[PDB]
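[1] could you work out the structure for the sequence below:
(chains A, B, C, D, E and F, ligands or ions: 1)
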Amino acid sequence: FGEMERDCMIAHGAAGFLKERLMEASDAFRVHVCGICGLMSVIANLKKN
Amino acid sequence: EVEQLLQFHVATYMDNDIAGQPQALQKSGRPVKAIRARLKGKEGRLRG
Amino acid sequence: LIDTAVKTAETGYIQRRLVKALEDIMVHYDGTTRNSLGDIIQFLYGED
Amino acid sequence: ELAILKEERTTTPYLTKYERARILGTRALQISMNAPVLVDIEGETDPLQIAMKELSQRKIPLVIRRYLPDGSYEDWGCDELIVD
RNA sequence: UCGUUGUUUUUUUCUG
DNA sequence: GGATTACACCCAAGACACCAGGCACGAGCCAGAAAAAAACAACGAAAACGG
Ligand SMILES: [Zn+2]
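    Residues are numbered from 1 along each chain as shown, chains lettered A, B, ... in the order given. Take a look:
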């Protein structure tokens, strides 16, 4: 989904389609962050919640 | 000389396209892949 | 043939530069035309 | 503070195409996943057709929140927007 | 017994 | 005309503009396809051989 395609999608203003087409139909991911330092160093253990 | 060598590897591992200086290489002879090289270019992260 | 081959690349480059220049201009509800920062370019899109 | 009182709402009263699409998508998504239907249905099974049918009657419980460039915002009910 | 994974790196000649 | 108050002025010193070369970067369209190729020099062990 080359750049120019991104620009064409913007042109029509189809925001949500562009959002999902670059997250859901592609490399989505989840992370955790610390609200103090704002880094991505949180040590998360889900089964240990 | 040793500390300059250490500075050199550190700089290369941080960027391997410094002007006016030779370029670090693998034993294959191919120039190394510094992080800056990774990010820049069409193939880089931003445009790739 | 050579002319077409050369011209296509330069036109594509110009297209890319233009798009990456004006990709954030958006016609706001007030009728103004502002880029990302909110700076105003035209007080009424196309003056009409 | 950020909200604008109903009397001085200045934006265009009509419904922009983008608002139209967003509203249709949201309503169809809601209906298509076990939500109440505010209007009768005769034979149409598609959620999105149901969504446009609902809109044509002006029976949508959605309030559009329009953000002005400064940051202030005003809110319009879908019931009060003139749809072309 | 659901499950179940398959390289990079360059260079090349091509297609619109 | 020596003495006496009055000043002419200028020239080295110092601050600054700038300067045209050089010197570097640093960029130079899009998507797609296939086949074809990809480090090694020396070293001391350790099986090797005839002594
Ligand atoms: Zn923290």
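[2] residues contacting the residue most central in space within chain B?
    In chain B, the centroid-proximal residue (CA atoms, centre = their mean) is residue B:16; its distance is 1.9 Å. Residue B:16 sits next to B:23, B:24, B:31, B:32, B:33, B:34, B:36, B:37 when contact means CB atoms under 8 Å, 6 or more residues apart in numbering or on different chains. From N, CA and C alone the C-beta is placed, and that goes for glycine too.
[3] excluding its backbone neighbours, what's nearest the second one?
    Distances taken as CB to CB, 6 or more residues apart in numbering or on different chains place residue B:12 nearest to residue B:24, at 4.1 Å, with adjacent residues excluded.
[4] distance of whatever residue of chain A ends up closest to chain C relative to residue A:18?
    Residue of chain A nearest chain C, by CB to the nearest CB: residue A:7 (5.1 Å). According to CB to CB, to the nearest Å, residue A:7 and residue A:18 sit 10 Å apart.
[5] and if you look at residue D:69?
    22 Å.
[6] neighbour-wise, which of those two wins?
    Using other CB atoms under 10 Å in any protein chain shown as the criterion, residue D:69 and residue A:18 rank with residue A:18 on top: 17 against 14.
[7] thought the more buried one was touching residue A:5?
    No - the pair residue A:18 / residue A:5 is not scored as a contact, 9.5 Å apart, by CB atoms under 8 Å.
[8] so what sits against both of those two?
    Residues touching both residue A:18 and residue A:5 (CB under 8 Å, 6+ apart): none.
[9] rewinding a little: so which of the contacts of residue B:16 belong to helices?
    B:36, B:37 (DSSP state H).
[10] which residues of chain A lie near the ion?
    A:34, A:36, A:37 (CB under 5 Å from the ion).
[11] doesn't the second one belong to a helix?
    No - with DSSP: H, G, I helix; E, B strand; the rest coil as the criterion, residue A:36 is assigned coil and is not in a helix.
[12] separation between it and residue B:30?
    From residue A:36 to residue B:30 the distance is 43 Å (CB to CB).
[13] with the first one instead?
    In this structure, residue A:34 and residue B:30 are 40 Å apart, going by CB to CB.
[14] those two: which has the busier surroundings?
    Counted by other CB under 10 Å, residue A:34 and residue B:30 do not tie: residue A:34 has more neighbours, with 11 against 8.
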